[PDB]
$ cat run.cif   # mmCIF, C-alpha atoms
data_run
#
loop_
_atom_site.label_atom_id
_atom_site.label_comp_id
_atom_site.auth_asym_id
_atom_site.auth_seq_id
_atom_site.Cartn_x
_atom_site.Cartn_y
_atom_site.Cartn_z
CA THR A 2 -8.77 17.98 4.69
CA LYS A 3 -10.21 16.39 7.83
CA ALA A 4 -9.96 13.46 10.22
CA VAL A 5 -12.79 10.95 10.46
CA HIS A 6 -13.91 9.75 13.90
CA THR A 7 -16.73 7.32 14.75
CA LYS A 8 -17.60 5.53 17.99
CA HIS A 9 -18.73 2.52 15.87
CA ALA A 10 -15.12 1.54 15.06
CA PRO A 11 -12.20 0.94 17.47
CA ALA A 12 -10.70 4.18 18.82
CA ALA A 13 -7.55 5.48 17.14
CA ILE A 14 -5.22 5.01 20.12
CA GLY A 15 -2.02 6.85 19.17
CA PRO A 16 -0.73 9.28 16.52
CA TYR A 17 -3.22 8.37 13.78
CA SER A 18 -6.86 8.82 12.77
CA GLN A 19 -9.42 6.18 11.74
CA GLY A 20 -9.25 7.89 8.37
CA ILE A 21 -8.63 11.12 6.45
CA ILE A 22 -10.70 12.88 3.78
CA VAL A 23 -8.64 14.76 1.17
CA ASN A 24 -10.33 16.34 -1.85
CA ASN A 25 -13.23 13.87 -2.47
CA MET A 26 -11.27 10.76 -1.35
CA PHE A 27 -11.33 8.90 1.95
CA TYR A 28 -8.25 6.97 3.12
CA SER A 29 -8.90 4.51 5.95
CA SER A 30 -6.39 3.27 8.44
CA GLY A 31 -6.00 -0.50 8.26
CA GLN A 32 -8.74 -2.20 10.28
CA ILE A 33 -8.17 -5.35 12.34
CA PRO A 34 -10.73 -7.63 14.07
CA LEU A 35 -11.20 -5.39 17.15
CA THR A 36 -14.68 -4.56 18.41
CA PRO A 37 -15.45 -0.85 18.93
CA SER A 38 -14.80 -1.39 22.68
CA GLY A 39 -11.23 -2.48 21.79
CA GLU A 40 -10.93 -6.25 22.29
CA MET A 41 -10.05 -8.91 19.70
CA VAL A 42 -12.77 -11.17 18.28
CA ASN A 43 -11.93 -14.81 19.17
CA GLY A 44 -13.98 -16.78 16.65
CA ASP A 45 -12.83 -18.25 13.33
CA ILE A 46 -11.22 -16.42 10.36
CA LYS A 47 -14.70 -15.62 8.94
CA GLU A 48 -15.87 -14.01 12.21
CA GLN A 49 -12.65 -11.96 12.34
CA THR A 50 -13.13 -10.85 8.71
CA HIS A 51 -16.74 -9.77 9.42
CA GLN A 52 -15.50 -7.57 12.28
CA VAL A 53 -12.93 -5.92 10.01
CA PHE A 54 -15.81 -5.16 7.62
CA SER A 55 -18.03 -3.82 10.44
CA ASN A 56 -15.21 -1.43 11.33
CA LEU A 57 -14.70 -0.43 7.67
CA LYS A 58 -18.46 0.19 7.23
CA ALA A 59 -18.46 2.49 10.26
CA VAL A 60 -15.50 4.62 9.12
CA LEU A 61 -16.69 4.70 5.48
CA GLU A 62 -20.17 5.91 6.48
CA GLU A 63 -18.75 8.53 8.88
CA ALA A 64 -16.65 9.80 5.94
CA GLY A 65 -19.69 10.00 3.59
CA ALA A 66 -18.46 6.98 1.61
CA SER A 67 -19.71 3.39 1.38
CA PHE A 68 -18.62 -0.05 0.20
CA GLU A 69 -20.12 0.89 -3.17
CA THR A 70 -17.61 3.80 -3.52
CA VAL A 71 -14.44 1.89 -2.48
CA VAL A 72 -11.89 2.09 -5.32
CA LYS A 73 -8.95 0.10 -3.91
CA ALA A 74 -8.42 -2.27 -0.99
CA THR A 75 -5.28 -3.89 0.38
CA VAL A 76 -5.82 -7.11 2.31
CA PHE A 77 -3.00 -8.17 4.63
CA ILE A 78 -3.46 -11.76 5.84
CA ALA A 79 -1.57 -13.82 8.44
CA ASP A 80 -1.94 -17.05 6.46
CA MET A 81 -2.43 -17.27 2.68
CA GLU A 82 -3.97 -20.74 3.24
CA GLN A 83 -7.00 -18.88 4.69
CA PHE A 84 -7.48 -16.79 1.52
CA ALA A 85 -10.53 -18.76 0.32
CA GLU A 86 -12.33 -18.20 3.65
CA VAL A 87 -11.44 -14.48 3.78
CA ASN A 88 -12.50 -14.11 0.14
CA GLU A 89 -15.94 -15.71 0.77
CA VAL A 90 -16.69 -13.11 3.44
CA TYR A 91 -15.06 -10.30 1.43
CA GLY A 92 -17.38 -10.98 -1.55
CA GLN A 93 -20.53 -10.45 0.54
CA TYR A 94 -19.51 -6.80 1.01
CA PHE A 95 -18.15 -6.18 -2.49
CA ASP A 96 -20.93 -7.91 -4.36
CA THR A 97 -22.02 -5.81 -7.38
CA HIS A 98 -19.26 -3.22 -6.77
CA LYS A 99 -15.78 -4.73 -7.12
CA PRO A 100 -12.79 -2.56 -6.11
CA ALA A 101 -9.21 -3.04 -7.22
CA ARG A 102 -7.39 -5.21 -4.69
CA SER A 103 -4.05 -6.60 -3.64
CA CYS A 104 -3.70 -9.37 -1.08
CA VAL A 105 -0.42 -10.47 0.57
CA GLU A 106 0.72 -12.56 3.52
CA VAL A 107 2.75 -10.41 5.92
CA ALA A 108 5.01 -11.80 8.71
CA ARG A 109 2.80 -10.38 11.49
CA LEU A 110 -0.10 -8.00 12.03
CA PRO A 111 -0.99 -5.78 15.00
CA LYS A 112 -2.29 -7.82 17.97
CA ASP A 113 -1.50 -10.99 15.95
CA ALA A 114 -4.62 -10.31 13.88
CA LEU A 115 -5.40 -12.85 11.16
CA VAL A 116 -6.53 -10.18 8.68
CA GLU A 117 -6.17 -6.42 8.21
CA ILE A 118 -7.85 -4.38 5.46
CA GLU A 119 -7.34 -0.76 4.38
CA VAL A 120 -9.49 1.01 1.78
CA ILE A 121 -9.59 4.12 -0.35
CA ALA A 122 -13.08 5.35 -1.27
CA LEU A 123 -14.82 8.17 -3.12
CA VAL A 124 -16.88 10.70 -1.14
CA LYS A 125 -19.85 11.71 -3.32
CA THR B 2 -16.16 5.42 -11.02
CA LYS B 3 -15.56 2.71 -13.66
CA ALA B 4 -14.25 -0.86 -13.58
CA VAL B 5 -11.52 -1.80 -16.06
CA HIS B 6 -11.85 -5.13 -17.97
CA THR B 7 -9.36 -6.55 -20.51
CA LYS B 8 -8.86 -10.03 -21.96
CA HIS B 9 -5.11 -9.28 -22.19
CA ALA B 10 -4.64 -9.73 -18.43
CA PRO B 11 -5.83 -12.58 -16.16
CA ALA B 12 -9.57 -12.32 -15.56
CA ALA B 13 -10.68 -10.90 -12.24
CA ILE B 14 -12.44 -14.01 -10.90
CA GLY B 15 -14.10 -13.11 -7.62
CA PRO B 16 -15.01 -9.89 -5.80
CA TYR B 17 -12.49 -7.51 -7.44
CA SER B 18 -11.72 -5.75 -10.73
CA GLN B 19 -8.44 -5.69 -12.67
CA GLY B 20 -8.50 -1.96 -12.00
CA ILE B 21 -10.70 1.06 -11.24
CA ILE B 22 -10.82 4.54 -12.79
CA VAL B 23 -11.83 7.27 -10.31
CA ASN B 24 -11.75 11.00 -11.08
CA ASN B 25 -8.69 11.19 -13.46
CA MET B 26 -6.75 8.35 -11.77
CA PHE B 27 -6.38 4.60 -12.31
CA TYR B 28 -5.75 2.02 -9.56
CA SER B 29 -4.66 -1.46 -10.64
CA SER B 30 -5.08 -4.64 -8.69
CA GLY B 31 -1.74 -6.30 -7.87
CA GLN B 32 -0.52 -8.31 -10.86
CA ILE B 33 1.33 -11.64 -10.54
CA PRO B 34 3.13 -13.86 -13.13
CA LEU B 35 -0.14 -15.31 -14.41
CA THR B 36 -0.99 -15.54 -18.13
CA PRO B 37 -4.36 -14.23 -19.39
CA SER B 38 -5.45 -17.89 -19.82
CA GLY B 39 -4.73 -18.47 -16.08
CA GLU B 40 -1.43 -20.40 -16.08
CA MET B 41 1.45 -19.46 -13.77
CA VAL B 42 4.66 -18.71 -15.68
CA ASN B 43 7.32 -21.29 -14.67
CA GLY B 44 10.46 -19.73 -16.21
CA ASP B 45 13.07 -17.64 -14.39
CA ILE B 46 12.34 -14.55 -12.26
CA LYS B 47 12.92 -12.26 -15.28
CA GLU B 48 10.43 -14.13 -17.51
CA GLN B 49 7.93 -14.00 -14.62
CA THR B 50 8.50 -10.26 -14.05
CA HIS B 51 7.97 -9.71 -17.80
CA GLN B 52 4.54 -11.39 -17.45
CA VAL B 53 3.64 -9.07 -14.55
CA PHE B 54 4.51 -6.10 -16.77
CA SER B 55 2.52 -7.53 -19.72
CA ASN B 56 -0.46 -7.75 -17.36
CA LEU B 57 0.11 -4.19 -16.08
CA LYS B 58 0.47 -2.88 -19.66
CA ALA B 59 -2.89 -4.43 -20.61
CA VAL B 60 -4.83 -2.98 -17.65
CA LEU B 61 -3.15 0.46 -17.90
CA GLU B 62 -3.91 0.74 -21.62
CA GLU B 63 -7.52 -0.40 -21.19
CA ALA B 64 -7.83 2.40 -18.58
CA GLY B 65 -6.38 5.06 -20.94
CA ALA B 66 -3.13 5.21 -18.94
CA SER B 67 0.41 3.98 -19.65
CA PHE B 68 3.69 3.19 -17.94
CA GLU B 69 4.57 6.82 -18.72
CA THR B 70 1.69 8.04 -16.49
CA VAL B 71 2.30 5.71 -13.50
CA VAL B 72 2.84 7.81 -10.35
CA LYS B 73 3.24 5.12 -7.66
CA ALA B 74 4.07 1.42 -7.58
CA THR B 75 4.26 -1.09 -4.77
CA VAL B 76 6.42 -4.17 -5.33
CA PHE B 77 5.74 -7.13 -3.04
CA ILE B 78 8.49 -9.73 -3.48
CA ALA B 79 8.78 -13.27 -2.09
CA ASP B 80 12.58 -13.03 -1.68
CA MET B 81 14.63 -9.80 -1.63
CA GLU B 82 17.59 -11.82 -3.01
CA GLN B 83 15.69 -11.81 -6.35
CA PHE B 84 14.97 -8.05 -6.31
CA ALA B 85 17.98 -7.03 -8.42
CA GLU B 86 16.70 -9.26 -11.25
CA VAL B 87 13.11 -7.97 -10.85
CA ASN B 88 14.54 -4.43 -10.88
CA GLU B 89 16.39 -5.07 -14.19
CA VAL B 90 13.08 -5.76 -15.92
CA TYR B 91 11.27 -3.03 -13.92
CA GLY B 92 13.82 -0.51 -15.19
CA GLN B 93 13.12 -1.31 -18.86
CA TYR B 94 9.49 -0.19 -18.44
CA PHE B 95 10.17 2.72 -16.04
CA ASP B 96 13.43 3.89 -17.67
CA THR B 97 13.05 7.69 -18.08
CA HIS B 98 9.65 8.00 -16.39
CA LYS B 99 10.35 6.97 -12.78
CA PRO B 100 7.37 6.49 -10.42
CA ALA B 101 7.49 6.63 -6.65
CA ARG B 102 7.81 3.12 -5.25
CA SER B 103 7.94 1.00 -2.13
CA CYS B 104 9.37 -2.51 -2.17
CA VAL B 105 9.07 -5.07 0.63
CA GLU B 106 9.62 -8.80 1.08
CA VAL B 107 6.36 -10.47 2.13
CA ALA B 108 5.95 -13.91 3.72
CA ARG B 109 3.84 -15.25 0.85
CA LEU B 110 1.92 -14.11 -2.24
CA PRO B 111 -1.25 -15.37 -3.98
CA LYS B 112 -0.57 -18.64 -5.85
CA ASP B 113 2.93 -18.57 -4.29
CA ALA B 114 3.92 -15.96 -6.87
CA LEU B 115 7.52 -14.68 -6.72
CA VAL B 116 6.48 -11.05 -7.20
CA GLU B 117 3.33 -8.91 -7.26
CA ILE B 118 3.17 -5.30 -8.48
CA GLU B 119 0.32 -2.77 -8.15
CA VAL B 120 0.29 0.69 -9.78
CA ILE B 121 -1.53 4.01 -9.59
CA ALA B 122 -1.58 6.08 -12.79
CA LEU B 123 -2.86 9.32 -14.28
CA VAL B 124 -5.56 9.14 -16.97
CA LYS B 125 -4.74 12.11 -19.23
CA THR C 2 3.04 16.01 -13.06
CA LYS C 3 6.57 16.26 -11.62
CA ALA C 4 9.31 14.08 -10.09
CA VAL C 5 10.65 15.31 -6.74
CA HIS C 6 14.45 15.53 -6.24
CA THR C 7 16.20 16.59 -3.04
CA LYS C 8 19.83 16.30 -1.90
CA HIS C 9 18.61 16.19 1.75
CA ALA C 10 17.39 12.60 1.52
CA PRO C 11 19.20 9.56 0.06
CA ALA C 12 19.31 9.68 -3.74
CA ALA C 13 16.87 7.58 -5.73
CA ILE C 14 19.28 5.20 -7.46
CA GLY C 15 17.60 3.42 -10.38
CA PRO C 16 14.11 3.35 -11.92
CA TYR C 17 12.21 5.38 -9.28
CA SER C 18 11.97 8.91 -7.85
CA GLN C 19 12.02 10.05 -4.23
CA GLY C 20 8.45 11.08 -4.98
CA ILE C 21 5.94 12.24 -7.59
CA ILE C 22 3.50 15.14 -7.60
CA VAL C 23 0.29 14.50 -9.54
CA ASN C 24 -2.74 16.80 -9.49
CA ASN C 25 -2.52 18.32 -5.96
CA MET C 26 -1.13 15.13 -4.35
CA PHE C 27 2.35 13.92 -3.44
CA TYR C 28 3.35 10.25 -3.37
CA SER C 29 6.65 9.45 -1.63
CA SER C 30 8.78 6.40 -2.20
CA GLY C 31 9.24 4.28 0.93
CA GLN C 32 12.06 5.75 3.02
CA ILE C 33 14.55 3.56 4.89
CA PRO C 34 17.14 4.73 7.48
CA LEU C 35 19.83 5.80 4.96
CA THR C 36 21.60 9.13 5.34
CA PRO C 37 21.72 11.47 2.33
CA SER C 38 25.30 10.24 1.63
CA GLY C 39 23.89 6.67 1.38
CA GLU C 40 25.07 4.99 4.60
CA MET C 41 22.66 3.09 6.85
CA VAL C 42 22.17 5.06 10.07
CA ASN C 43 24.12 4.04 13.16
CA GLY C 44 22.22 3.14 16.34
CA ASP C 45 18.99 1.67 17.71
CA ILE C 46 15.50 1.49 16.13
CA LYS C 47 14.65 5.00 17.47
CA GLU C 48 17.74 6.46 15.73
CA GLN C 49 16.83 4.59 12.51
CA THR C 50 13.23 5.89 12.68
CA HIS C 51 14.44 9.48 13.23
CA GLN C 52 16.49 9.14 10.01
CA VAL C 53 13.46 7.85 8.10
CA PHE C 54 11.57 10.96 9.30
CA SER C 55 14.43 13.30 8.36
CA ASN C 56 14.28 11.76 4.87
CA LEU C 57 10.47 12.10 4.69
CA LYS C 58 10.74 15.71 5.88
CA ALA C 59 13.20 16.48 3.08
CA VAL C 60 11.09 14.97 0.29
CA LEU C 61 7.80 16.42 1.61
CA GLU C 62 9.24 19.95 1.87
CA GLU C 63 10.79 19.73 -1.62
CA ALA C 64 7.32 18.70 -2.91
CA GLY C 65 5.64 21.69 -1.19
CA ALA C 66 4.03 19.41 1.40
CA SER C 67 4.75 18.77 5.10
CA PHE C 68 3.95 16.35 7.91
CA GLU C 69 0.85 18.55 8.49
CA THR C 70 -0.54 17.62 5.04
CA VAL C 71 0.17 13.86 5.10
CA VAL C 72 -3.09 11.96 4.54
CA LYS C 73 -1.92 8.33 4.69
CA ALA C 74 1.22 6.56 5.85
CA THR C 75 2.29 2.93 5.68
CA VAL C 76 4.85 1.65 8.19
CA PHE C 77 6.59 -1.56 7.17
CA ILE C 78 8.54 -2.96 10.15
CA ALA C 79 11.03 -5.85 10.40
CA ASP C 80 9.90 -6.79 13.94
CA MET C 81 6.53 -5.82 15.45
CA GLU C 82 8.12 -6.19 18.93
CA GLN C 83 10.00 -2.93 18.12
CA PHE C 84 6.78 -1.06 17.18
CA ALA C 85 6.44 0.83 20.49
CA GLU C 86 9.84 2.46 19.85
CA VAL C 87 9.01 3.26 16.20
CA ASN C 88 5.63 4.67 17.29
CA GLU C 89 7.18 6.94 19.95
CA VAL C 90 9.34 8.63 17.29
CA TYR C 91 6.45 8.57 14.77
CA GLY C 92 4.28 10.52 17.25
CA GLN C 93 6.87 13.31 17.58
CA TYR C 94 6.43 14.20 13.88
CA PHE C 95 2.70 13.39 13.64
CA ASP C 96 1.69 15.32 16.76
CA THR C 97 -0.27 18.31 15.40
CA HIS C 98 -1.52 16.13 12.51
CA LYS C 99 -2.61 12.47 12.70
CA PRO C 100 -2.84 10.79 9.26
CA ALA C 101 -4.46 7.49 8.41
CA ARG C 102 -1.99 4.62 8.70
CA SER C 103 -1.35 0.93 8.49
CA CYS C 104 1.55 -0.84 10.17
CA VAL C 105 2.58 -4.39 9.28
CA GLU C 106 5.58 -6.63 9.92
CA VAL C 107 7.22 -7.70 6.66
CA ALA C 108 9.69 -10.57 6.17
CA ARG C 109 12.53 -8.32 4.99
CA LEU C 110 13.18 -4.74 3.86
CA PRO C 111 15.68 -3.19 1.43
CA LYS C 112 19.26 -3.25 2.82
CA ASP C 113 17.93 -5.18 5.86
CA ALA C 114 16.41 -1.96 7.21
CA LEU C 115 14.43 -2.25 10.45
CA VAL C 116 11.69 0.10 9.24
CA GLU C 117 10.42 1.65 5.99
CA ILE C 118 7.78 4.40 5.81
CA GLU C 119 5.90 5.80 2.79
CA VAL C 120 3.51 8.76 2.77
CA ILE C 121 0.84 10.35 0.60
CA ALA C 122 0.31 14.10 1.17
CA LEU C 123 -1.62 17.12 -0.06
CA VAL C 124 0.35 19.86 -1.85
CA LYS C 125 -1.20 23.17 -0.68
#

$ encode --input "run.cif" --output "structure tokens"
Amino acid sequence: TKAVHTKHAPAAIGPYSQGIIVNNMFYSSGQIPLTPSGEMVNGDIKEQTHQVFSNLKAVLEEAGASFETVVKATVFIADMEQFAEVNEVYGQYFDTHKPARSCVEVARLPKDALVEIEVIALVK
Amino acid sequence: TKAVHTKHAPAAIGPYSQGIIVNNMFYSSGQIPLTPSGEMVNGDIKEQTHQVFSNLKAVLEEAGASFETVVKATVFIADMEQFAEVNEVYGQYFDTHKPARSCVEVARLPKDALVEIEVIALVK
Amino acid sequence: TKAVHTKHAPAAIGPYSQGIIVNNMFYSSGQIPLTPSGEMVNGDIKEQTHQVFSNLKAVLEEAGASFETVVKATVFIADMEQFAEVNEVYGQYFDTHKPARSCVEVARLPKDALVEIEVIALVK
């Protein structure tokens, strides 16, 4: 097994890694709308969702995975009313490949993020 | 990797699949009390939980899995006060085979569902 | 595949197991701050989190896993304002190994627990 680290996603600040590879599977940590330099994006819900996906792309690629090998995602959202907007952005990344998914509204996310996504992906 | 499709659960409309088979494992999307035709069930919490399990049964069986091969479930519930009733139905399906589980009360679910359950299962 | 049973964590009471081994992987149930005798732990969030980790230690070791082989954790917290305290204790057990994780504030946990933690680990 091994930890995944990339400078193209926010640094894992604390007792966790950006992700872990075990067997041929990559488990990401949940990604929020932080830039790699570590500050929150302050545009709309769609801009925040794009940043989450930028971070996911970076950790996936460092792990030898891609969006096309994601098997399962969990989407934590701050407001279920914003689901349609999050889903529009989400579908640009999972276009022809469509992972299993669950989406729920939590009480609160780290740094009061509007969206947080974790993924599990195959490493070919 | 293979997407799972069955007409006996609500259609995956949008950028996700009802479930995914990877290696010898099956990951479901979270199922809610939605009929295959796309109507929310408006009976009591037990009738609604039964619909969630009907949906899970359909996707599991299409994947070549069963309740008997489920290893992990996550139960997201709208109100923990209703968990005992959800658990009564849950325990009819997982009676002698007993998966790992985590259960939490969320702020809100898709379509304001009262409960959502996702599973991971072995494909023998 | 095998259900995991240990007397050194609270008993799984009902239609679930403390964890499940499948292939070479271990899935825990979410652990809350109950003692093995079934009483909620006395004291502050740090004391509660220590109990959660004692429980995780017990189920991991019974499964032939350890904190060193945990690949992914999820931390469900009642109040994100208490996360610094939870994280301090978390870091004492995940010091030599830093799994992937997600941490979210939920509306409510079983038995009004302040924190619940689940893990997935490799069985060596």

$ resolve_selection --input "run.cif" --expression "the PyMOL selection byres ((chain B) within 7 of (chain C))" --output "short mmCIF file (atom, residue, chain, number, x, y, z; two decimals) with C-alpha atoms, keeping the file's coordinate frame"
data_model
loop_
_atom_site.label_atom_id
_atom_site.label_comp_id
_atom_site.auth_asym_id
_atom_site.auth_seq_id
_atom_site.Cartn_x
_atom_site.Cartn_y
_atom_site.Cartn_z
CA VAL B 72 2.84 7.81 -10.35
CA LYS B 73 3.24 5.12 -7.66
CA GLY B 92 13.82 -0.51 -15.19
CA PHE B 95 10.17 2.72 -16.04
CA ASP B 96 13.43 3.89 -17.67
CA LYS B 99 10.35 6.97 -12.78
CA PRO B 100 7.37 6.49 -10.42
CA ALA B 101 7.49 6.63 -6.65
CA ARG B 102 7.81 3.12 -5.25
CA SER B 103 7.94 1.00 -2.13
CA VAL B 105 9.07 -5.07 0.63
CA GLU B 106 9.62 -8.80 1.08
CA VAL B 107 6.36 -10.47 2.13
CA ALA B 108 5.95 -13.91 3.72
#

$ calpha_fit_rmsd --input "run.cif" --fixed "chain B" --moving "chain A"
0.3 Å

$ resolve_selection --input "run.cif" --expression "the PyMOL selection byres ((chain C and resi 66) around 12)" --output "MDAnalysis selection string"
chainID C and resid 5 20:22 25:29 57:65 67:72 120:125

$ resolve_selection --input "run.cif" --expression "the PyMOL selection byres ((chain C and resi 42) around 12)" --output "PyMOL selection string"
chain C and resi 11+33-41+43-53+55-56+112-116

$ atom_distance --input "run.cif" --atom1 "CA of residue 7 (chain C)" --atom2 "CA of residue 90 (chain C)"
22.9 Å

$ atom_distance --input "run.cif" --atom1 "CA of residue 74 (chain C)" --atom2 "CA of residue 94 (chain C)"
12.2 Å

$ atom_distance --input "run.cif" --atom1 "CA of residue 85 (chain A)" --atom2 "CA of residue 54 (chain A)"
16.3 Å

$ decode --input "run.cif" --residues "region 29-81 of chain B" --atoms "C-alpha atoms" --output "mmCIF file, in the first residue's frame"
data_model
loop_
_atom_site.group_PDB
_atom_site.id
_atom_site.type_symbol
_atom_site.label_atom_id
_atom_site.label_comp_id
_atom_site.auth_asym_id
_atom_site.auth_seq_id
_atom_site.Cartn_x
_atom_site.Cartn_y
_atom_site.Cartn_z
ATOM 1 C CA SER B 29 -24.503 0.407 -5.406
ATOM 2 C CA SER B 30 -25.619 3.985 -5.660
ATOM 3 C CA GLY B 31 -27.633 5.091 -2.615
ATOM 4 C CA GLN B 32 -31.250 3.952 -2.967
ATOM 5 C CA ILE B 33 -34.224 6.026 -1.767
ATOM 6 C CA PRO B 34 -37.992 5.221 -1.483
ATOM 7 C CA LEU B 35 -38.566 5.757 -5.197
ATOM 8 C CA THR B 36 -40.488 3.277 -7.375
ATOM 9 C CA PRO B 37 -38.967 2.060 -10.672
ATOM 10 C CA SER B 38 -41.514 4.290 -12.495
ATOM 11 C CA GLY B 39 -40.134 7.324 -10.576
ATOM 12 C CA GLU B 40 -42.797 8.009 -7.916
ATOM 13 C CA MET B 41 -41.884 8.640 -4.273
ATOM 14 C CA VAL B 42 -43.583 6.181 -1.902
ATOM 15 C CA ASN B 43 -45.921 8.148 0.418
ATOM 16 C CA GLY B 44 -46.789 5.465 3.011
ATOM 17 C CA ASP B 45 -45.195 5.036 6.442
ATOM 18 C CA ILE B 46 -41.443 4.749 7.112
ATOM 19 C CA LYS B 47 -41.644 0.931 6.961
ATOM 20 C CA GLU B 48 -43.352 0.893 3.531
ATOM 21 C CA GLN B 49 -40.708 3.388 2.335
ATOM 22 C CA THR B 50 -37.826 1.309 3.741
ATOM 23 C CA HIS B 51 -39.307 -1.756 1.992
ATOM 24 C CA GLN B 52 -39.084 0.171 -1.323
ATOM 25 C CA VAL B 53 -35.415 0.995 -0.656
ATOM 26 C CA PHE B 54 -34.775 -2.725 -0.132
ATOM 27 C CA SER B 55 -36.741 -3.667 -3.285
ATOM 28 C CA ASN B 56 -34.478 -1.261 -5.188
ATOM 29 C CA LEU B 57 -31.333 -2.697 -3.543
ATOM 30 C CA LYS B 58 -32.492 -6.272 -4.283
ATOM 31 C CA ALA B 59 -32.919 -5.412 -7.980
ATOM 32 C CA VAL B 60 -29.476 -3.813 -8.404
ATOM 33 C CA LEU B 61 -27.686 -6.502 -6.335
ATOM 34 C CA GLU B 62 -29.263 -9.329 -8.337
ATOM 35 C CA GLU B 63 -28.528 -7.656 -11.688
ATOM 36 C CA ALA B 64 -24.880 -7.463 -10.499
ATOM 37 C CA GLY B 65 -24.752 -11.182 -9.554
ATOM 38 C CA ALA B 66 -24.746 -10.340 -5.833
ATOM 39 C CA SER B 67 -27.368 -10.678 -3.079
ATOM 40 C CA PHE B 68 -28.221 -9.449 0.397
ATOM 41 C CA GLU B 69 -26.296 -12.519 1.576
ATOM 42 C CA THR B 70 -23.071 -11.152 -0.013
ATOM 43 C CA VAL B 71 -23.356 -7.526 1.209
ATOM 44 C CA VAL B 72 -20.244 -6.625 3.243
ATOM 45 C CA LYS B 73 -20.893 -2.950 4.098
ATOM 46 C CA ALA B 74 -23.903 -0.653 4.198
ATOM 47 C CA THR B 75 -24.273 3.031 4.947
ATOM 48 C CA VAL B 76 -27.673 4.232 6.153
ATOM 49 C CA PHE B 77 -28.337 7.965 5.821
ATOM 50 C CA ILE B 78 -31.538 8.846 7.692
ATOM 51 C CA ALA B 79 -33.501 12.117 7.821
ATOM 52 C CA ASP B 80 -34.512 11.622 11.480
ATOM 53 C CA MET B 81 -32.848 9.232 13.965
#
